[PDB]
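Worksheet for the structure shown next.
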2 protein chains.
Amino acid sequence: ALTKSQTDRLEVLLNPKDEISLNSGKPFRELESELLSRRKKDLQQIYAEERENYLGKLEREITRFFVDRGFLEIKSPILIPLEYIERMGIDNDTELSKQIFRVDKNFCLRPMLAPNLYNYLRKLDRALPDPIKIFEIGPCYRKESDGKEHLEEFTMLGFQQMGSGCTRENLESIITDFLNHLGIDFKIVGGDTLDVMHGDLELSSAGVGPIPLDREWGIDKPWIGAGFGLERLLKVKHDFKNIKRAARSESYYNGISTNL
Amino acid sequence: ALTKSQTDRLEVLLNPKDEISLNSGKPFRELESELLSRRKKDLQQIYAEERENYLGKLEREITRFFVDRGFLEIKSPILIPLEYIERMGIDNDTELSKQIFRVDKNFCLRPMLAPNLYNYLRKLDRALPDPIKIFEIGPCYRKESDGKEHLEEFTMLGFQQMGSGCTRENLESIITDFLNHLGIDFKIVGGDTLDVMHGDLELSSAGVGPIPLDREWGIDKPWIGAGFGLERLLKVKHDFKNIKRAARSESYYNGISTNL
Ligand SMILES: Nc1ncnc2c1ncn2[C@@H]1O[C@H](COP(=O)(O)OP(=O)(O)NP(=O)(O)O)[C@@H](O)[C@H]1O
Ligand SMILES: Nc1ncnc2c1ncn2[C@@H]1O[C@H](COP(=O)(O)OP(=O)(O)NP(=O)(O)O)[C@@H](O)[C@H]1O
Ligand SMILES: N[C@H](Cc1csc2ccccc12)C(=O)O
Ligand SMILES: N[C@H](Cc1csc2ccccc12)C(=O)O
Ligand SMILES: [Mg+2]
Ligand SMILES: [Mg+2]
Ligand SMILES: [Mg+2]
Ligand SMILES: [Mg+2]
């Protein structure tokens, strides 16, 4: 009989592709030594042969996809004015107001990319030809209850197109090409809203404008856009049972435990 | 006579390669219209032809340099335990303690990469062959007085090697190959410390261990490493007069004003 604590320890060391039954007769000590050897070899193979981090590599692959498709790569501030949250319509009744990491008196860690993308669309509308296509990838922050699908520090991809061609059909085509390119199974389920699901897991929320909120941001053109969590994409792709395996972490490297 | 406010406005629109004398007889209104046209064309050319952000592209170029050189790419948390700052020896007498962005009661936005790199070196020492070579690129945060060389939100490259080959000569060779690869002029000036200078601007501080601090982090092997600011590298490379031109920003895109 393995104790529940010895099983938690072995499950840290287990990778989805492992073919080992934790319930078989071998003693903890031996099963731990086997898995430690495997995970050490896994890290050695990464270090010898490719050396790229899953989250960095995914960001670079997504970047090439969107640049190639005519979207401008944005890198905007992560620490943003608290006033942006209110101007997004996030009042006390909405659940997100309680999820904000505040910094100082007038700043917060951004929980979303939409504010900065709105500001860029408005400013670039002055210099760039129709349609304006932009995207950003980077850290976002939300206070969350413990969950196998939520991190407090995560990474989001946001893209938005404004002007002509901003139809639901074009939006679904971008999403569909994107996820088939990455090899991620999905279903699209549906101010017009749209969620991109993998089973019960939300990969993305997507939107079609105009919506009344646009006016506060100086936007008055149709638009389409979506936001995706990179760690959720990694979790699906690598079949991780807990999203912590995909996070920025000192505890996991490319889903391999670092506590060996 | 241009007013000092009209000159500030024109200097936002001026790019280093511009050949225009702000002091010549043409009226503000005309000089503004010329520069607006130029900056709009500049943005249009980026959008038509490459579409990559300076900071993202630099991060990807640095990543390839270090991966190719045998360094493992790390992506570790940006929001870190406040206890890491104290354990770095950052007490009240040191100036950095006053520079920390605190979050909640027990967390902060990291002002440096050294804590997470120490933790990774210690853990990986258990699985990887000697020498252990790692690097990370990502956001760091410090409270700063207004300066043409300091941002409160910046991006740092940190690399560290532990075990054999950890000589000052090897460290200077990495730095030298790196900056000659990027095309950035520098001088190295020098527990052994080393600063990499561009004129009066510090591009990097570098170090050779062991040092007594290592013991608190579970490290007991020689090491070499360095930290570089990406926005400072961009500032030098593109001859920006103020580092805000290179930052994560809503006010500049690849050093071009977005307020057109
Ligand atoms: N805490 C989180 N951890 C990881 N990914 C997240 C988190 N919050 C949001 N995301 C991702 O970001 C995308 C866009 O954000 P958003 O639509 O606001 O999320 P959401 O509606 O709060 N999803 P959920 O909390 O799972 O019901 C989501 O579809 C996820 O893929
Ligand atoms: N506020 C900042 N804005 C931009 N880059 C920075 C900032 N602080 C540090 N860096 C960069 O990060 C590198 C390593 O950090 P560190 O050696 O701690 O900086 P530092 O000693 O405080 N430099 P300085 O404040 O200019 O005297 C520096 O050499 C810079 O290239
Ligand atoms: N639910 C949204 C996801 C998103 C990011 S950019 C963007 C542009 C259009 C639609 C959605 C988004 C959010 O919370 O940001
Ligand atoms: N002054 C240092 C720069 C740095 C980052 S990683 C690293 C590893 C070795 C030496 C320096 C560094 C700091 O403040 O972090
Ligand atoms: Mg949520
Ligand atoms: Mg949603
Ligand atoms: Mg300083
Ligand atoms: Mg220094």
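Sequence lines set the chain letters: A, B, ... in the order given, protein chains first and strands last, and positions in each chain run from 1.
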Do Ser257(A) and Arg39(A) have side-chain heavy atoms sitting under 4.5 Å apart?
no
Before accepting this row, confirm whether a basic side-chain N of the pair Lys17(B)/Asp42(B) lies closer than 4.0 Å to the acidic partner's carboxylate O.
no
Residues passing the side-chain contact (heavy atoms from CB on, under 4.5 Å) test with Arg60(B), sequence neighbours excluded, are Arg60(A), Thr63(A), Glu73(A), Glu52(B), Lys57(B), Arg64(B)
Nearest heavy-atom pair of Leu55(A) and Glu231(A): which atoms, and what distance?
CD2-OE2, 3.6 Å
So does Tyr54(A) get a backbone contact from the side chain of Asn254(A), meaning a donor-acceptor N/O pair under 3.5 Å?
yes
I'd like to check the ring-ring contact (aromatic ring centres under 6.0 Å, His included) partners of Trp217(A); sequence neighbours left out, ordered by chain and number.
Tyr84(A), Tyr118(A)
Among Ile256(B), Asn259(B), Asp18(B), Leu260(B), side chain to side chain contact (heavy atoms under 4.5 Å, CB included) partner for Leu13(B)
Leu260(B)
Which residue pairs pass the ring-ring contact (aromatic ring centres under 6.0 Å, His included) test when at least one of the two sits in residues 125-146 of chain B, sequence neighbours left out?
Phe66(B)-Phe135(B)
Applying ring-ring contact (aromatic ring centres under 6.0 Å, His included), can you list everything that pairs with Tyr253(B), at least two apart in sequence or on another chain?
none
Which residues share a side-chain hydrogen bond (donor to acceptor under 3.5 Å, both in side chains) with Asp192(B), sequence neighbours left out
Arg168(B)
Side-chain heavy-atom pair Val103(A), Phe101(A) within 4.5 angstrom cut-off:
no
Nearest heavy-atom pair of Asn15(B) and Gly255(B): which atoms, and what distance?
OD1-O, 3.6 Å
With salt bridge (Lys or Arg N to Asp or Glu O under 4.0 Å) as the test, pick out the partner of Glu149(A) among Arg232(A), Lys235(A), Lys241(A).
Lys235(A)
I'd like to check the ring-ring contact (aromatic ring centres under 6.0 Å, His included) partners of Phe154(B); sequence neighbours left out, ordered by chain and number.
none
For the pair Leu233(A) and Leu179(A), evaluate side chain to side chain contact (heavy atoms under 4.5 Å, CB included) and give the outcome as yes or no after the intermediate values.
CA-CA 9 Å; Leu233(A) 298 171; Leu179(A) 294 179; 3.9 Å; yes
If you draw a 6.0 Å radius around CG in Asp130(B), do more than 12 non-hydrogen atoms from other residues or ligands fall strictly inside?
yes
Walk me through whether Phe65(A) and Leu182(A) qualify under side chain to side chain contact (heavy atoms under 4.5 Å, CB included).
CA-CA 10 Å; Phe65(A) 182 87; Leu182(A) 291 183; over 6 Å; no
Side chain to side chain, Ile132(B) and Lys221(B), heavy atoms closer than 4.5 Å
no
For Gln160(A), all residues meeting side-chain hydrogen bond (donor to acceptor under 3.5 Å, both in side chains), sequence neighbours excluded
none
If I take atom SG from residue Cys108(A) and atom CG from residue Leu79(A), how far apart are they, to the nearest 0.5 angstrom?
7.5 Å
Determine whether a donor-acceptor pair (N or O, by modelled atom type, separation under 3.5 Å) exists between the side chain of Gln44(A) and the backbone of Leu128(B).
no
Centres of the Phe228(A) and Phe178(A) rings: under 6.0 Å?
yes
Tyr120(A): what forms a ring-ring contact (aromatic ring centres under 6.0 Å, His included) with it, not counting sequence neighbours?
none
Run the numbers on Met156(A) and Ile137(A) for side chain to side chain contact (heavy atoms under 4.5 Å, CB included), then give the verdict.
CA-CA 6 Å; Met156(A) 197 189 291; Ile137(A) 302 167; over 6 Å; no
Cationic N near anionic O, under 4.0 Å, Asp177(B) to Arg69(B):
yes
Taking all non-hydrogen atoms of both residues into account, name the closest pair between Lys123(B) and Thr258(A) and its distance.
CB-O, 3.3 Å
Can you sort out the partners of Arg142(B) under side-chain hydrogen bond (donor to acceptor under 3.5 Å, both in side chains), two or more places apart, ordered by chain and number?
none
Quiz: residues 203-210 of chain B side-chain donor-acceptor pairs under 3.5 angstrom, not counting sequence neighbours:
unit_1	atom_1	unit_2	atom_2	d
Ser204(B)	OG	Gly227(B)	O	2.9
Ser205(B)	OG	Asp195(B)	OD1	2.9
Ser205(B)	OG	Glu202(B)	OE2	3.2

Looking at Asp146(A), I want to see if its CG is surrounded by more than 12 non-hydrogen atoms of other residues, nucleotides or ligands under 6.0 Å.
no
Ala246(B) and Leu234(B): which non-hydrogen atoms are nearest, and at how many Å?
CB-CB, 3.8 Å
Determine whether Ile74(A) and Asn116(A) satisfy the following criterion, side chain to side chain contact (heavy atoms under 4.5 Å, CB included), listing intermediate values before the conclusion.
CA-CA 9 Å; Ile74(A) 304 309; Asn116(A) 296 332; 5.9 Å; no
For residues 243-259 of chain A, which residue pairs pass the salt bridge (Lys or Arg N to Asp or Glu O under 4.0 Å) check, not counting sequence neighbours?
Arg248(A)-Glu136(B)
Close side-chain approach of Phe159(A) and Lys133(A), heavy atoms under 4.5 Å
no
Mind checking side-chain hydrogen bond (donor to acceptor under 3.5 Å, both in side chains) for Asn242(B) and listing every partner two or more places apart, or none if nothing turns up?
none
Look at the side chain of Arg51(B) and the backbone N and O of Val67(A), then say whether any donor-acceptor pair between them is shorter than 3.5 Å.
yes
If you look at every heavy atom in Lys40(A) and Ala127(B), which pair is closest and at what distance?
CG-CB, 3.8 Å
Is there a side-chain contact between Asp104(A) and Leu82(A), using heavy atoms and a 4.5 Å cut-off?
no
For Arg110(A) and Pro139(A), indicate whether the former's side chain and the latter's backbone hold a donor-acceptor pair under 3.5 Å.
yes
Closest contact, heavy atoms only, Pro111(A) versus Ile85(A)
CD-CD1, 3.6 Å
As a quick check of understanding, evaluate ring-ring contact (aromatic ring centres under 6.0 Å, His included) for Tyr252(A) and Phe240(A), giving each step before the final call.
CA-CA 12 Å; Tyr252(A) 293 100; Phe240(A) 295 146; 8.2 Å; no
With a 3.5 Å distance limit and no angle check, can you tell me whether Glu144(A) reaches the backbone of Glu152(A) through a side-chain donor-acceptor pair?
no
